[PDB]
Amino acid sequence: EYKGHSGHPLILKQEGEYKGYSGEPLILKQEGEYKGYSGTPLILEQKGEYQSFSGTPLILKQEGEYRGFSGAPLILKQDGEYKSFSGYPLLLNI
Amino acid sequence: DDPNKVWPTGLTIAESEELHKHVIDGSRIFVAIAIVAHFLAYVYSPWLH
Amino acid sequence: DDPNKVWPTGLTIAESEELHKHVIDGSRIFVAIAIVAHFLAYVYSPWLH
Amino acid sequence: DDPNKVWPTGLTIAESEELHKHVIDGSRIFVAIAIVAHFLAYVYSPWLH
Amino acid sequence: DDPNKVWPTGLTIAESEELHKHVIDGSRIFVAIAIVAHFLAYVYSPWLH
Amino acid sequence: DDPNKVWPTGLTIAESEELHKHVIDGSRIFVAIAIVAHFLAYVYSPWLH
Amino acid sequence: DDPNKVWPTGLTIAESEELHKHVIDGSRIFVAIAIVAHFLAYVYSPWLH
Amino acid sequence: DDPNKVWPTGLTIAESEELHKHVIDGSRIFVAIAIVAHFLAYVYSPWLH
Amino acid sequence: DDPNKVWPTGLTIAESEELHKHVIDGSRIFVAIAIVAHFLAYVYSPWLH
Amino acid sequence: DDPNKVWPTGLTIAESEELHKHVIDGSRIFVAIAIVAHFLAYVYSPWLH
Amino acid sequence: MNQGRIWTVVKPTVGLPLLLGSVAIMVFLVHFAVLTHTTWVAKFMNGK
Amino acid sequence: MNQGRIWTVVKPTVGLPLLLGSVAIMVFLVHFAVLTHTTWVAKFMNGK
Amino acid sequence: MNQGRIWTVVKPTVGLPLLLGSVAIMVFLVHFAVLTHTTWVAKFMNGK
Amino acid sequence: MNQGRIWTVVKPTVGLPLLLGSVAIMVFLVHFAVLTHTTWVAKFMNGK
Amino acid sequence: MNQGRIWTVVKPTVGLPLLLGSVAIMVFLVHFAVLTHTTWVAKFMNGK
Amino acid sequence: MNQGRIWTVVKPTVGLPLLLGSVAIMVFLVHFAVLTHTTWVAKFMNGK
Amino acid sequence: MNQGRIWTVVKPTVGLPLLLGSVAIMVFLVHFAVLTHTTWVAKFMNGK
Amino acid sequence: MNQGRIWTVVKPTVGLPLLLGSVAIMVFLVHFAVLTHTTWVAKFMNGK
Amino acid sequence: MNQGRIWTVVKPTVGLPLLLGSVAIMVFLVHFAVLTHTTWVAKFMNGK
Ligand code: BCL
Ligand code: BCL
Ligand code: BCL
Ligand code: BCL
Ligand code: BCL
Ligand code: BCL
Ligand SMILES: CC(C)=C/C=C/C(C)=C/C=C/C(C)=C/C=C/C(C)=C/C=C/C=C(C)/C=C/C=C(C)/C=C/C=C(\C)CCCC(C)(C)O
Ligand SMILES: CC(C)=C/C=C/C(C)=C/C=C/C(C)=C/C=C/C(C)=C/C=C/C=C(C)/C=C/C=C(C)/C=C/C=C(\C)CCCC(C)(C)O
Ligand SMILES: CC(C)=C/C=C/C(C)=C/C=C/C(C)=C/C=C/C(C)=C/C=C/C=C(C)/C=C/C=C(C)/C=C/C=C(\C)CCCC(C)(C)O
Ligand SMILES: CC(C)=C/C=C/C(C)=C/C=C/C(C)=C/C=C/C(C)=C/C=C/C=C(C)/C=C/C=C(C)/C=C/C=C(\C)CCCC(C)(C)O
Ligand SMILES: CC(C)=C/C=C/C(C)=C/C=C/C(C)=C/C=C/C(C)=C/C=C/C=C(C)/C=C/C=C(C)/C=C/C=C(\C)CCCC(C)(C)O
């Protein structure tokens with residue numbers, strides 16, 4: 001056991017339960033549903049699809065390639081090798 | 001599965017909804033306390049005078 | 001098959017789209033509240049007078 | 001089963017509520033010490049005079 | 001292999017380019033809104049008068 | 001179990017209590033040195049003069 | 001092996017050099033735009049006048 | 001057991017205390033140099049004059 | 001073994017020294033560019049005039 | 001065992017001591033350069049004049 | 001009250017510390033805002 | 001409303017905290033900007 | 001007192017250091033606030 | 001439009017939050033720069 | 001002295017560096033607070 | 001152009017966000033430096 | 001010297017860097033405190 | 001030119017980003033230092 | 001020259017970057033200290 005330099009005891013313990021100093025109860029228990037203090041309901045249940053506020057539609061469906069809002073093309077393809085936009089070479093190598 | 005699916009957070013929907021039940025209750029208590037703090041500020045501070 | 005692929009985030013496309021459905025709805029409610037806040041500012045602040 | 005569930009944090013509900021028992025006690029001690037410090041300030045400072 | 005290779009990020013080239021399709025489209029919408037904002041600033045602010 | 005259970009930190013209750021024994025001792029030594037520093041400040045500084 | 005060695009980043013030498021090809025090209029485009037911005041500053045700002 | 005136990009840091013108590021021997025010896029050298037630094041300050045600076 | 005040892009960083013000694021050769025040569029380039037910038041500042045700024 | 005032990009850092013003692021020999025030699029060169037920089041500041045600056 | 005499923009996709013050991021911490025941070029920001037842009041709060045602290 | 005696949009590639013336990021956190025941060029930045037660059041908000045806080 | 005289950009979903013080795021550290025930080029924020037927006041705390045520290 | 005493969009080597013859950021977050025930061029930095037170095041934005045906020 | 005089980009749930013290699021580091025940080029905060037809000041500490045450092 | 005093997009030893013998902021972000025940061029630093037240490041940029045922003 | 005078991009519960013590759021770093025940091029904080037709240041150090045730096 | 005084994009003990013994906021980032025940061029620090037403690041740099045930026 | 005077993009307990013990929021980085025940081029802190037608390041360094045930078 002550590003002696004320390006500041007007298008004895010250095011710690012407190014008990015076998016049964018937390019012996020708190022600030023009286024009792026220290027906690028409330030709950031055998032069932034949550035008993036809130038701000039009335040009910042606390043949450044809204046969702047049985048199926050999200051019954052949004054702020055009207056519908058709420059997302060846009062997509063069933064293929066992406067359609068831009070800013071005109072085609074959105075991407076430049078590549079095959080073979082990277083095309084330089086700033087001349088050649090783009091590297092030095094052994 | 002679905003109605004008892006354990007999601008990647010380790011909670012079911014029921015456990016998630018139980019947890020959020022605490023989050024809503026805490027928010028309502030916080031607002032109620034803040035409302036009285038605003039009422040006290042209205043009575044004692046010059047704020048809306 | 002493609003629609004039932006579980007992506008590296010652990011979501012399907014349909015789960016992702018249901019999640020984003022909350023994000024868009026929240027954004028609309030946020031803007032609605034903000035519009036009324038700007039209307040109140042227009043009525044009571046000197047902002048556009 | 002249920003009360004012996006080890007939750008993702010590695011605690012049962014009982015160990016969680018036991019841990020929170022220290023948290024509530026520590027909070028109450030903190031407030032009592034602070035109430036005295038506010039009383040001392042009321043006595044020895046111009047704050048509410 | 002290569003056109004169906006899954007890269008260390010967990011995407012194919014096709015999925016990477018599909019993702020970047022949103023990045024480019026969003027950037028163009030951003031610039032379009034910003035162009036209007038600079039036009040409004042030119043009309044109403046002293047900036048270039 | 002309980003006297004020999006190893007908790008997620010890798011300590012028993014006994015080893016936790018032995019570790020905290022050093023924390024309490026260090027806290028007491030710290031406060032002792034601070035009390036001397038406070039006495040020297042009360043002697044030499046204008047603080048409470 | 002040697003020419004096809006996967007290095008700890010998960011890239012071959014060829015994939016690394018292909019990636020750096022984009023880095024050099026992007027750097028050159030950046031400098032070109034910056035040169036025009038410096039020329040615009042030389043024309044319209046007092047900078048070197 | 002006890003002297004041979006490898007603790008969660010990967011050290012025995014003997015290796016832990018042998019490491020701390022360097023920490024203590026380093027602290028003493030640091031204090032010795034700092035004492036001379038305060039002596040030099042006392043000689044040349046106005047500090048305690 | 002020794003010359004072929006893969007060290008915990010995932011490099012051999014020869015790979016480490018070839019990598020550092022780029023670091024050394026890059027440092028020499030940086031210094032050369034900086035020497036010219038200091039010469040330019042000596043010519044055109046009042047720095048050492 | 002002991003002199004051929006590999007420690008949790010992945011080094012032997014001999015590898016550790018050989019590594020530190022670079023750290024010591026680097027510290028000496030840093031000090032040597034700093035001594036001359038201090039000598040130059042003594043000659044050209046007002047510092048100790 | 002309809003967002004109850006958020007904790008299926010955001011870890012509670014992340015979002016609850018971030019929620020409570022952000023509220024605490026931003027409560028203090030509003031106090032420091034009103035404290036630095038009014039006289040009457042500083043007067044109330046300064047008292048007589 | 002067409003970005004709904006963002007959550008197949010950005011983890012919600014990252015991006016939803018980052019979204020809501022950034023919105024809250026930048027709401028506060030706008031309040032601090034207007035508060036520090038106007039008279040009438042401080043006058044409103046200071047009241048009578 | 002009804003929040004006792006919080007430690008089933010928030011890790012104690014995160015939430016307790018954050019709880020104690022946040023209180024300690026925000027105790028100091030209130031001290032620095034009152035210290036800078038009053039005269040009498042500085043008088044008390046300055047003494048005679 | 002030729003950088004479309006970037007997401008084969010930069011993780012989307014890293015680079016997409018970094019991109020959108022950096023752009024939001026850059027927007028606010030420009031607003032603060034113009035707000036602090038002009039009169040007319042403050043006059044616009046201050047209004048009547 | 002009754003909190004000695006804290007180290008069954010808070011990792012010592014986290015909580016002990018945080019404890020000692022927080023104390024050391026906040027010692028310096030009190031020194032800087034008193035140093036900046038008094039004259040006599042500056043006089044003591046300045047000496048003759 | 002001779003450094004093309006850097007990405008065999010630095011991970012692209014680290015070095016590329018660091019590269020692009022560091023450039024964006026230090027672009028803004030040069031703008032803020034010139035904006036604060038000149039009159040003509042502020043005059044340009046302030047306009048008429 | 002009685003704390004020599006600290007390294008059975010704090011990782012040396014954490015605590016030793018944290019120790020030496022915190023010492024070096026706080027040495028500098030003391031030099032800056034004395035440098036900014038005295039005249040004689042600046043006079044010594046300024047020399048003739 | 002004798003430290004070339006440092007990359008057997010320091011990870012290149014750590015030390016190289018740190019090296020380049022540190023030089024970049026500290027180049028900017030020297031620029032900001034000389035910019036703020038001289039007239040002629042600001043004069044050069046301000047031009048006519 | 002007697003601490004060289006430090007690298008059996010501190011990871012070199014942690015401690016060497018922290019060492020070199022902290023030295024570089026604190027070199028700059030000393031330069032900034034002397035620069036801001038003297039005239040002759042700014043006079044040297046400002047030249048003629
Ligand atoms: C002072 C040096 C040590 C110290 C040494 C001792 C010693 C020695 C003993 C204790 C004992 C006790 N210690 Mg201890 N203890 C210190 C700090 C603390 C602090 C704290 C917040 O600082 C606390 C709460 C405690 C707690 C306690 C109790 C558990 C216990 C009973 C107290 C009592 O009334 O004893 C009785 C009262 C006293 C011991 C104090 C009497 C003081 C007299 C009146 C004045 C002496 C002046 C002196 C000569 C001045 C010059 C030298 C120095 C400036 C002190 N210690 C410091 C770090 N502690 C006791 C124990 O273990 O019991 C089993 C015990 O005998
Ligand atoms: C005072 C020292 C301890 C304390 C010791 C006790 C004791 C002893 C008991 C309780 C009990 C109770 N405690 Mg407790 N308790 C404290 C702090 C708290 C706080 C808090 C926010 O600080 C709360 C909410 C509670 C909660 C409660 C209730 C569950 C319960 C019944 C209330 C009551 O009248 O208690 C008693 C009163 C108070 C806690 C505060 C009274 C405050 C009034 C306004 C002023 C009192 C001045 C006093 C007489 C001055 C002289 C003496 C000292 C200088 C203090 N405790 C502090 C930390 N508590 C009781 C119970 O049911 O236990 C099973 C009980 O017997
Ligand atoms: C005021 C103290 C509690 C509270 C206690 C209750 C109680 C009790 C009930 C509700 C009920 C409701 N609460 Mg609640 N509730 C609070 C905070 C909130 C907040 C919020 C953002 O602050 C919200 C949105 C809600 C939401 C709701 C609805 C779900 C529901 C119907 C509202 C209604 O008009 O009821 C009618 C009107 C009211 C509840 C408000 C009455 C106001 C009057 C002037 C004063 C009340 C004094 C108070 C009850 C005294 C004791 C507590 C303290 C000493 C102050 N609560 C706080 C934390 N709430 C009711 C319900 O339908 O449950 C099924 C119900 O019975
Ligand atoms: C106003 C309260 C709700 C709202 C409730 C509804 C309702 C109800 C409906 C829609 C519908 C629509 N909504 Mg919605 N919606 C809101 C916010 C939004 C926002 C946004 C950025 O704020 C957007 C883009 C949308 C988008 C849309 C479209 C998908 C759709 C067709 C447009 C239309 O004319 O709707 C209708 C009109 C509007 C959205 C705005 C009208 C505003 C008028 C001028 C002022 C109303 C003041 C009000 C009476 C004040 C007091 C009460 C409360 C304080 C609000 N909503 C807010 C959060 N929305 C429709 C739909 O999908 O039907 C199936 C529909 O009928
Ligand atoms: C305006 C709404 C959309 C938009 C709608 C379209 C449409 C519709 C089409 C394209 C097409 C194209 N778009 Mg687009 N596009 C936008 C933003 C962009 C931006 C950008 C940086 O902002 C770029 C580089 C592009 C790129 C391109 C090319 C790939 C392609 C050929 C352009 C062209 O000159 O067509 C000819 C010219 C035009 C389409 C428009 C010219 C606009 C002029 C120069 C400016 C008018 C400003 C206006 C007054 C602003 C206020 C009104 C509204 C509030 C916006 N788009 C915005 C977000 N784009 C075309 C294509 O090839 O599709 C297959 C096509 O059909
Ligand atoms: C200007 C737009 C592009 C550009 C477009 C090209 C083109 C096109 C070519 C190169 C070529 C080269 N480029 Mg490049 N390049 C740019 C940026 C760079 C930068 C840089 C730091 O900015 C560097 C170092 C390089 C590097 C190089 C070399 C590898 C190579 C030989 C250059 C040379 O002197 O050729 C000799 C000189 C020249 C090519 C320039 C001549 C300019 C003439 C005198 C004026 C033309 C004005 C023009 C009509 C104006 C309108 C159109 C556009 C605005 C240009 N590029 C930018 C991003 N580059 C060449 C190559 O690799 O060929 C196989 C080549 O043909
Ligand atoms: C700077 C200037 C001048 C102006 C700025 C002004 C502004 C913008 C002010 C903005 C203010 C805002 C946005 C305020 C928002 C406040 C909010 C959202 C408050 C929220 C409070 C939430 C609370 C108290 C939540 C509590 C949650 C609790 C207790 C959770 C408990 C969970 C438990 C027990 C776990 C249960 C687990 C299971 C499995 C169910 O057992
Ligand atoms: C800024 C202004 C103006 C005002 C603010 C003023 C305020 C609010 C000031 C607040 C001050 C406060 C809160 C001060 C608190 C100080 C405290 C709590 C000090 C604590 C000190 C603790 C110490 C020294 C702990 C030491 C622990 C040690 C040495 C542990 C050793 C562990 C070991 C050896 C491991 C043992 C392992 C086993 C296996 C058991 O042997
Ligand atoms: C503060 C004051 C007053 C003064 C300071 C002034 C100073 C010091 C200024 C310094 C300025 C400096 C150092 C500026 C440097 C600018 C630099 C280096 C710019 C670099 C730009 C680089 C760019 C745009 C790189 C882009 C890279 C891209 C797009 C990469 C794409 C990669 C892809 C698509 C992956 C390909 C993958 C495979 C598998 C190969 O397909
Ligand atoms: C702000 C104002 C105005 C005032 C504030 C003033 C204040 C509060 C000042 C406070 C000052 C304080 C608290 C100073 C504290 C200084 C301390 C604690 C210094 C400690 C120094 C420690 C040192 C040098 C430690 C060295 C450790 C070493 C060399 C370790 C080596 C380990 C090795 C070789 C590993 C051995 C491995 C095995 C296998 C065992 O051999
Ligand atoms: C703020 C004010 C006003 C005043 C403050 C003034 C103060 C407090 C100033 C303090 C200054 C101090 C504390 C300065 C300290 C400087 C120090 C400690 C410098 C250290 C330098 C260290 C260096 C250069 C280390 C170099 C290490 C190297 C090159 C390592 C190489 C390793 C390699 C090659 C690995 C080899 C591996 C094997 C296995 C051998 O192959």
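Atoms considered below: every heavy atom in the structure, side chains included; atoms not considered: hydrogens, waters and symmetry mates. Counting convention: from 1, in listed order, for ligands and their atoms alike. Per chain, numbering begins at 1; letters A, B, ... match sequence-line order.
- R:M45 is listed as a side-chain neighbour of R:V41, based on a closest heavy-atom distance under 4.5 Å.
- Within a 4.0 Å radius of atom 8 (C) of ligand 6, the protein has no heavy atom.
- By heavy-atom distance, the residue among A:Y88, A:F85, G:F30 lying nearest atom 30 (C) of ligand 6 is A:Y88.
- The residue among G:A34, G:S27, A:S86 with a heavy atom at the shortest distance from atom 56 (N) of ligand 6 is A:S86.
- Nearest to atom 19 (C) of ligand 6 among the protein's heavy atoms is G:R28 CG, 3.6 Å.
- Here A:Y21 fails the criterion, with no N, O or S atom under 2.8 Å of atom 14 (Mg) of ligand 2.
- The cationic atom of A:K19 (NZ for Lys, CZ for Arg) lies less than 6.0 Å from the six-membered ring centre of A:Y21 and within 45° of the ring axis.
- Minimum interatomic distance between R:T13 and P:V10 (heavy atoms only, all atoms of both residues): OG1-CA, 3.8 Å.
- Looking only at protein heavy atoms, the nearest one to atom 25 (C) of ligand 9 is P:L20 CD2, 3.9 Å.
- Among protein heavy atoms, atom 20 (C) of ligand 9 sits closest to G:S27 OG, 3.8 Å.
- Scanning the protein for heavy atoms near atom 10 (C) of ligand 9, the closest one is R:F28 CE1, 3.9 Å.
- The contact set between ligand 9 and N:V9, taken as ligand atoms under 4.0 Å from a residue heavy atom, comprises 35 (C).
- Heavy atoms of N:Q3 found under 4.0 angstrom from ligand 9 belong to the backbone as well as the side chain.
- The protein heavy-atom contact nearest to atom 15 (N) of ligand 2 is A:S22 CA, 3.3 Å.
- Distance CD1/M:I6 to CG/M:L19: 10.5 Å, rounded to 0.5 Å.
- Of all protein heavy atoms, the one lying nearest to atom 65 (C) of ligand 2 is A:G23 CA, 4.6 Å.
- Annotation for ligand 2: atoms under 4.0 Å from non-hydrogen atoms of D:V31 are 21 (C), 22 (O).
- For A:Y82, no heavy-atom contact with ligand 9 is shorter than 4.0 Å.
- Atom 34 (O) of ligand 6 is never approached by the protein to below 4.0 angstrom, counting heavy atoms only.
- Distance check on atom 41 (C) of ligand 2: every protein heavy atom falls at or beyond the 4.0 Å cut-off.
- Taking every non-hydrogen atom of R:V27 and a distance limit under 4.0 Å, the qualifying atoms of ligand 9 come out as 8 (C).
- Counting heavy-atom neighbours within 6.0 Å of G:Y42 OH, excluding the residue itself, gives a total of 12 or less.
- Around CZ of L:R5, the count of heavy atoms belonging to other residues, nucleotides or ligands within 6.0 Å exceeds 12.
- Atoms of ligand 9 lying under 4.0 Å from any heavy atom of N:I6, numbered from 1 in the order shown and given with element: 31 (C), 32 (C), 33 (C), 34 (C), 35 (C).
- Note that atom 44 (C) of ligand 2 has no protein non-hydrogen atoms nearby, at separations under 4.0 angstrom.
- Heavy-atom neighbours of P:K11 NZ from other residues, nucleotides or ligands within 6.0 Å: at or below the threshold of 12.
- Close contacts of ligand 6 with A:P89, meaning ligand atoms under 4.0 Å from a residue heavy atom, involve 29 (C).
- By the 4.5 Å heavy-atom criterion applied to side chains, D:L40 and D:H38 are not counted as neighbours.
- Counting atoms of ligand 9 from 1 in the listed order, those under 4.0 Å from a heavy atom of R:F32 are 1 (C).
- In this structure, atom 27 (C) of ligand 9 lies nearest to the protein heavy atom G:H22 O, 3.9 Å.
- Here the CD atom belonging to A:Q78 is positioned 7.0 Å from the CD atom belonging to G:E18, to the nearest 0.5 angstrom.
- If you take NE2 on M:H31 and CE on M:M26, they are separated by 13.0 Å, rounding to the nearest 0.5 Å.
- If you look at R:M45 next to ligand 9, the close heavy atoms, those under 4.0 Å, all belong to the side chain.
- For atom 38 (C) of ligand 9, no protein heavy-atom neighbour is found at a distance under 4.0 Å.
- Ranked by closest heavy atom to atom 10 (C) of ligand 6, the top entry among A:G87, G:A32, A:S84 is A:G87.
- A:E24 O, 3.4 Å is the protein heavy atom nearest to atom 62 (O) of ligand 2.
- The backbone N or O of A:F85 lies less than 3.5 Å from a partner atom in the side chain of G:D25, making a donor-acceptor pair.
- Nearest protein heavy-atom neighbour of atom 40 (C) of ligand 9: G:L19 N, 3.4 Å.
- Shown in contact with G:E18 at under 4.0 Å from a heavy atom are these atoms of ligand 9, numbered in order with element: 40 (C).
- Residue P:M26 approaches ligand 9 through these ligand atoms, each under 4.0 Å from one of its heavy atoms: 12 (C), 13 (C), 14 (C), 15 (C), 16 (C).
- Residue P:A33 has at least one heavy-atom neighbour below 4.0 Å for each of these atoms of ligand 9: 1 (C), 3 (C).
- Here the OH atom belonging to A:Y37 is positioned 4.5 Å from the CG atom belonging to A:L28, to the nearest 0.5 angstrom.
- When the shell of 6.0 Å around OH of D:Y44 is examined, it contains 12 or fewer heavy atoms from other residues, nucleotides or ligands.
- Heavy atoms of other residues, nucleotides or ligands lying less than 6.0 angstrom from OH of A:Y82 number more than 12.
- Considering only non-hydrogen protein atoms, atom 24 (C) of ligand 9 sits nearest to G:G26 O, 3.5 Å.
- The residue G:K21 has no part lying near ligand 9, judged by heavy-atom distances below 4.0 Å.
- With hydrogens and angles disregarded, a donor-acceptor distance shorter than 3.5 Å links the side chain of E:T9 to the backbone of N:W7.
- Within the 4.0 Å heavy-atom criterion, the part of P:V23 lying near ligand 9 is the side chain and not the backbone.
- Listed by atom number, the atoms of ligand 9 under 4.0 Å from E:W7 heavy atoms are 39 (C).
- When only modelled atom types and interatomic distance are considered, I:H22 and P:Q3 share a side-chain donor-acceptor pair under 3.5 Å.
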